[PDB]
Amino acid sequence: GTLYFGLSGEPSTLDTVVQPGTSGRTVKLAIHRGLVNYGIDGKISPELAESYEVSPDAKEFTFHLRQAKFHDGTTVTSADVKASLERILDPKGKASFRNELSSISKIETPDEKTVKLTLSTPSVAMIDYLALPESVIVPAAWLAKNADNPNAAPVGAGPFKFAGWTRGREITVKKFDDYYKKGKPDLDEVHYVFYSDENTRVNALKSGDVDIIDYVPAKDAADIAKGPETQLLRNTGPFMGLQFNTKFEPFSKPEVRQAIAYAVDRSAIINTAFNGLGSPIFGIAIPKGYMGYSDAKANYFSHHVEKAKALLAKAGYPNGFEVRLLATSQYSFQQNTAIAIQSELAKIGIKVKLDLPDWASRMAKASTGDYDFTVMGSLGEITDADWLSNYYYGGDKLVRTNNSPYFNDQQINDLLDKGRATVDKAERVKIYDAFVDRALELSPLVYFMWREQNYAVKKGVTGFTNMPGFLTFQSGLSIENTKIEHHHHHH
Ligand SMILES: O=C(O)[C@@H]1C=CC(=O)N1C[C@@H](O)[C@@H](O)[C@H](O)[C@H](O)CO
Ligand SMILES: [Zn+2]
Ligand SMILES: [Zn+2]
Ligand SMILES: [Zn+2]
Ligand SMILES: [Zn+2]
Ligand SMILES: [Zn+2]
Ligand SMILES: [Zn+2]
């Protein structure tokens with residue numbers, strides 16, 4: 001059988017090292033595999049690495065490669081892993097997670113089936129960063145040939161092979177028979193169809209044109225959950241907030257960032273952008289169960305307009321200032337969150353103008369820091385406490401998909417470095433607790449709410465998993481387990 005999957009947009013690129021957003025990741029996770037990837041239950045799964053060894057100080061890593069092939073019939077070898085990692089590490093390259101993998105200082109290939117990494121500083125989160133959709137392995141010979149071909153047809157080691165891309169319509173993938181997991185994938189093909197207007201996307205599911213859709217809008221969630229011919233797959237992993245370009249003078253000031261945290265009513269965002277679905281955040285967006293979580297620090301901020309006005313005045317803005325907010329019109333919740341922020345900040349004299357291009361245009365600007373501040377709809381990229389480094393650390397790459405451009409605090413860097421180097425979780429928790437105090441004080445990131453992130457499937461679809469908490473954007477991995485009962489589309 002074949003499955004038609006309605007994506008919320010067309011990927012701007014399938015270039016493995018680039019993080020274009022959830023749409024591109026969902027397609028990449030059908031075609032590609034890394035040394036490890038997260039399993040549907042959130043455990044790290046040995047993928048192209050059949051096994052791995054981590055030194056007791058988390059500085060040396062050995063990967064023993066599984067017998068596996070790429071889609072072009074070539075064997076997966078240690079030289080392919082080294083070339084793939086070197087592309088991520090290249091400082092002149094466009095890898096989105098270069099900062100997080102940059103501690104890799106030596107890559108050894110003693111034989112065709114063994115890769116050894118040595119880090120310059122310890123990292124108990126390195127295995128998790130190797131599970132990123134952007135850390136997948138491609139062939140060294142393929143990279144050499146397609147060095148100046150940004151639109152070259154993908155070659156990977158995942159359960160499906162790239163079959164074609166019709167611009168503005170769909171990407172088709174086909175079962176890879178030589179995939180290393182017995183009985184996987186179950187589907188013969190998946191057609192990833194692009195539905196940028198969310199109403200057309202929901203209508204495609206309800207009218208029976210597609211079998212699965214992602215980014216189910218909050219206004220349609222109840223109708224879809226009711227069915228009986230549709231099923232809603234729930235998750236409450238991502239958060240909504242703001243990333244600030246700290247080169248925009250007012251945003252270099254903790255008092256200005258805190259004023260914004262005090263000025264924005266969180267129920268205005270939940271009620272006007274998410275149909276009343278979600279929960280307010282009054283501190284750092286750390287989920288229950290992660291180090292740094294605290295019930296006592298969960299109400300650092302509150303909604304207090306006159307306090308926000310006093311903070312701006314103290315910061316040197318008694319009459320506020322003019323600024324532009326980058327978001328998108330492609331996701332109604334992003335546009336409506338931006339509209340709510342604009343009206344909330346006008347009350348404290350911050351005159352916000354909105355930039356609402358399509359998703360790919362917003363991402364191109366976000367990637368270069370071409371903004372004053374931007375609506376952040378995101379989550380921790382790994383399920384270890386070190387997901388925080390991707391948001392807060394300084395380092396060599398100061399403009400990232402999840403950070404506040406050019407923010408760099410030595411106390412925060414030192415605490416995150418200590419947190420990543422400490423193996424004992426009883427000691428790590430003291431480190432992240434101290435980090436949280438400094439993160440609130442400086443507020444380089446501001447958080448407003450936890451949101452629902454839902455998929456919807458047609459009755460007859462099984463085995464697709466909306467992966468837990470922060471793993472929801474990697475749910476495309478579960479397509480290898482997905483099955484669909486015999487069916488036709490209007491025939
Ligand atoms: O889920 C969202 O809301 C948006 C909407 C499309 C999408 O890919 N999103 C995820 C991105 O916002 C996120 O992966 C990325 O790191 C951004 O640069 C964070 O601001
Ligand atoms: Zn179908
Ligand atoms: Zn070994
Ligand atoms: Zn076909
Ligand atoms: Zn098709
Ligand atoms: Zn309120
Ligand atoms: Zn108010």
# chains A, B, ... in the order shown; residues from 1 in each chain; ligands from 1
call {"tool": "residues_around", "arguments": {"residues": "residue 28 (chain A)", "least_positions_apart": "2", "cutoff": "12 Å", "atoms": "only C-alpha atoms", "output": "ChimeraX atom specification"}}
result
/A:11,13-26,30-34,132-138,154-162,171-173,192,473-477,479
call {"tool": "residues_near_ligand", "arguments": {"ligand": "ligand 6", "cutoff": "8 Å", "atoms": "only C-alpha atoms and all ligand atoms", "output": "PDB file with C-alpha atoms, in the first residue's frame"}}
result
ATOM      1  CA  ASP A 265      -0.662  38.648  28.636  1.00  0.00           C
ATOM      2  CA  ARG A 266      -0.282  34.899  28.055  1.00  0.00           C
ATOM      3  CA  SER A 267      -4.046  34.212  27.917  1.00  0.00           C
ATOM      4  CA  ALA A 268      -4.284  36.698  24.980  1.00  0.00           C
ATOM      5  CA  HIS A 303       1.379  39.894  33.775  1.00  0.00           C
TER       6      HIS A 303
END
call {"tool": "closest_atom_pairs", "arguments": {"of": "chain A", "to": "ligand 4", "cutoff": "10 Å", "atoms": "only C-alpha atoms and all ligand atoms", "output": "Markdown table"}}
result
| residue | atom | partner | partner_atom_place_in_ligand_line | distance |
| --- | --- | --- | --- | --- |
| A:1 | CA | ligand 4 | 1 (Zn) | 9.6 |
| A:2 | CA | ligand 4 | 1 (Zn) | 7.8 |
| A:163 | CA | ligand 4 | 1 (Zn) | 8.9 |
| A:172 | CA | ligand 4 | 1 (Zn) | 8.1 |
| A:173 | CA | ligand 4 | 1 (Zn) | 8.7 |
| A:174 | CA | ligand 4 | 1 (Zn) | 7.5 |
| A:188 | CA | ligand 4 | 1 (Zn) | 8.1 |
| A:189 | CA | ligand 4 | 1 (Zn) | 6.6 |
| A:190 | CA | ligand 4 | 1 (Zn) | 8.8 |
| A:191 | CA | ligand 4 | 1 (Zn) | 8.9 |
call {"tool": "residues_near_ligand", "arguments": {"ligand": "ligand 3", "cutoff": "10 Å", "atoms": "only C-alpha atoms and all ligand atoms", "output": "number ranges by chain"}}
result
A: 51-54, 61-64, 114-116
call {"tool": "atom_distance", "arguments": {"atom1": "CA of residue 425 (chain A)", "atom2": "CA of residue 301 (chain A)"}}
result
27.8 Å
call {"tool": "closest_residue", "arguments": {"among": "A:109, A:469, A:334, A:482", "to": "residue 41 (chain A)", "atoms": "only C-alpha atoms"}}
result
A:469
call {"tool": "closest_residue", "arguments": {"among": "A:60, A:197, A:452, A:86", "to": "residue 275 (chain A)", "atoms": "only C-alpha atoms"}}
result
A:452
call {"tool": "select_by_dssp", "arguments": {"residues": "region 214-425 of chain A", "states": "helix (DSSP H, G or I)", "output": "ChimeraX atom specification"}}
result
/A:221-226,249-252,254-263,266-273,305-314,332-346,359-368,387-392,410-421,425
call {"tool": "write_last_selection", "arguments": {"atoms": "C-alpha atoms", "output": "PDB file, in the first residue's frame"}}
result
ATOM      1  CA  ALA A 221      -8.651  19.489  16.817  1.00  0.00           C
ATOM      2  CA  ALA A 222     -12.024  18.681  18.540  1.00  0.00           C
ATOM      3  CA  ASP A 223     -13.902  17.927  15.254  1.00  0.00           C
ATOM      4  CA  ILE A 224     -11.012  15.687  14.104  1.00  0.00           C
ATOM      5  CA  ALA A 225     -10.714  13.848  17.496  1.00  0.00           C
ATOM      6  CA  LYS A 226     -14.523  13.086  17.394  1.00  0.00           C
ATOM      7  CA  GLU A 249      20.330  48.032  20.972  1.00  0.00           C
ATOM      8  CA  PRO A 250      17.094  47.829  23.187  1.00  0.00           C
ATOM      9  CA  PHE A 251      17.306  43.977  23.033  1.00  0.00           C
ATOM     10  CA  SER A 252      20.893  43.950  24.375  1.00  0.00           C
ATOM     11  CA  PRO A 254      17.976  42.338  30.231  1.00  0.00           C
ATOM     12  CA  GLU A 255      15.507  44.995  31.584  1.00  0.00           C
ATOM     13  CA  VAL A 256      13.948  45.406  28.075  1.00  0.00           C
ATOM     14  CA  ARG A 257      13.640  41.625  27.536  1.00  0.00           C
ATOM     15  CA  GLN A 258      12.099  41.278  31.060  1.00  0.00           C
ATOM     16  CA  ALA A 259       9.725  44.256  30.344  1.00  0.00           C
ATOM     17  CA  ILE A 260       8.389  42.247  27.337  1.00  0.00           C
ATOM     18  CA  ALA A 261       7.997  39.112  29.574  1.00  0.00           C
ATOM     19  CA  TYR A 262       5.915  41.253  32.063  1.00  0.00           C
ATOM     20  CA  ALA A 263       3.880  43.072  29.346  1.00  0.00           C
ATOM     21  CA  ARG A 266      -0.282  34.899  28.055  1.00  0.00           C
ATOM     22  CA  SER A 267      -4.046  34.212  27.917  1.00  0.00           C
ATOM     23  CA  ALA A 268      -4.284  36.698  24.980  1.00  0.00           C
ATOM     24  CA  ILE A 269      -1.931  34.412  22.994  1.00  0.00           C
ATOM     25  CA  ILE A 270      -3.637  31.128  24.103  1.00  0.00           C
ATOM     26  CA  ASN A 271      -7.193  32.432  23.423  1.00  0.00           C
ATOM     27  CA  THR A 272      -6.576  34.352  20.155  1.00  0.00           C
ATOM     28  CA  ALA A 273      -3.909  32.124  18.489  1.00  0.00           C
ATOM     29  CA  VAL A 305       1.918  46.298  32.470  1.00  0.00           C
ATOM     30  CA  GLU A 306       2.915  49.088  34.887  1.00  0.00           C
ATOM     31  CA  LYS A 307       5.987  47.020  36.025  1.00  0.00           C
ATOM     32  CA  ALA A 308       6.940  46.537  32.302  1.00  0.00           C
ATOM     33  CA  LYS A 309       6.632  50.329  31.722  1.00  0.00           C
ATOM     34  CA  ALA A 310       8.881  51.047  34.768  1.00  0.00           C
ATOM     35  CA  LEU A 311      11.523  48.566  33.456  1.00  0.00           C
ATOM     36  CA  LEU A 312      11.611  50.262  30.002  1.00  0.00           C
ATOM     37  CA  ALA A 313      11.991  53.673  31.710  1.00  0.00           C
ATOM     38  CA  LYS A 314      14.842  52.279  33.889  1.00  0.00           C
ATOM     39  CA  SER A 332      -2.060  30.965  11.569  1.00  0.00           C
ATOM     40  CA  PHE A 333      -0.871  30.457  15.168  1.00  0.00           C
ATOM     41  CA  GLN A 334       2.428  32.274  14.352  1.00  0.00           C
ATOM     42  CA  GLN A 335       0.607  35.204  12.691  1.00  0.00           C
ATOM     43  CA  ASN A 336      -1.956  35.458  15.548  1.00  0.00           C
ATOM     44  CA  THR A 337       0.771  35.167  18.225  1.00  0.00           C
ATOM     45  CA  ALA A 338       2.576  38.047  16.425  1.00  0.00           C
ATOM     46  CA  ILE A 339      -0.651  40.158  16.303  1.00  0.00           C
ATOM     47  CA  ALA A 340      -1.237  39.566  20.059  1.00  0.00           C
ATOM     48  CA  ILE A 341       2.404  40.551  20.867  1.00  0.00           C
ATOM     49  CA  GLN A 342       2.017  43.733  18.743  1.00  0.00           C
ATOM     50  CA  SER A 343      -1.161  44.828  20.593  1.00  0.00           C
ATOM     51  CA  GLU A 344       0.251  43.891  24.043  1.00  0.00           C
ATOM     52  CA  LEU A 345       3.520  45.823  23.527  1.00  0.00           C
ATOM     53  CA  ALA A 346       1.747  48.958  22.169  1.00  0.00           C
ATOM     54  CA  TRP A 359       7.792  29.907   6.146  1.00  0.00           C
ATOM     55  CA  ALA A 360      10.856  29.409   3.906  1.00  0.00           C
ATOM     56  CA  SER A 361      11.386  33.224   3.712  1.00  0.00           C
ATOM     57  CA  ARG A 362      11.059  33.562   7.534  1.00  0.00           C
ATOM     58  CA  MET A 363      13.630  30.692   8.007  1.00  0.00           C
ATOM     59  CA  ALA A 364      16.131  32.245   5.519  1.00  0.00           C
ATOM     60  CA  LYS A 365      15.984  35.506   7.544  1.00  0.00           C
ATOM     61  CA  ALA A 366      16.139  33.676  10.922  1.00  0.00           C
ATOM     62  CA  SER A 367      19.237  31.700   9.711  1.00  0.00           C
ATOM     63  CA  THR A 368      21.218  34.948   9.092  1.00  0.00           C
ATOM     64  CA  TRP A 387      19.150  21.007  24.932  1.00  0.00           C
ATOM     65  CA  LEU A 388      19.639  24.367  26.763  1.00  0.00           C
ATOM     66  CA  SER A 389      23.097  24.950  25.160  1.00  0.00           C
ATOM     67  CA  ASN A 390      21.485  25.177  21.718  1.00  0.00           C
ATOM     68  CA  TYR A 391      19.314  28.083  23.072  1.00  0.00           C
ATOM     69  CA  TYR A 392      21.725  29.833  25.515  1.00  0.00           C
ATOM     70  CA  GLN A 410      30.349  33.827  30.448  1.00  0.00           C
ATOM     71  CA  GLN A 411      28.551  32.664  33.640  1.00  0.00           C
ATOM     72  CA  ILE A 412      25.908  30.860  31.526  1.00  0.00           C
ATOM     73  CA  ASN A 413      28.629  29.327  29.256  1.00  0.00           C
ATOM     74  CA  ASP A 414      30.605  28.058  32.279  1.00  0.00           C
ATOM     75  CA  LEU A 415      27.506  26.493  33.865  1.00  0.00           C
ATOM     76  CA  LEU A 416      26.411  24.797  30.612  1.00  0.00           C
ATOM     77  CA  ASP A 417      29.976  23.512  30.038  1.00  0.00           C
ATOM     78  CA  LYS A 418      30.044  22.100  33.609  1.00  0.00           C
ATOM     79  CA  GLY A 419      26.550  20.603  33.153  1.00  0.00           C
ATOM     80  CA  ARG A 420      27.602  18.760  29.938  1.00  0.00           C
ATOM     81  CA  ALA A 421      30.847  17.435  31.528  1.00  0.00           C
ATOM     82  CA  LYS A 425      22.732  13.614  37.623  1.00  0.00           C
TER      83      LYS A 425
END
call {"tool": "residues_around", "arguments": {"residues": "residue 485 (chain A)", "least_positions_apart": "3", "cutoff": "12 Å", "atoms": "only C-alpha atoms", "output": "count of residues only"}}
result
14
call {"tool": "residues_near_ligand", "arguments": {"ligand": "ligand 1", "cutoff": "6 Å", "atoms": "only C-alpha atoms and all ligand atoms", "output": "PyMOL selection string"}}
result
chain A and resi 21-22+376-378+401-402
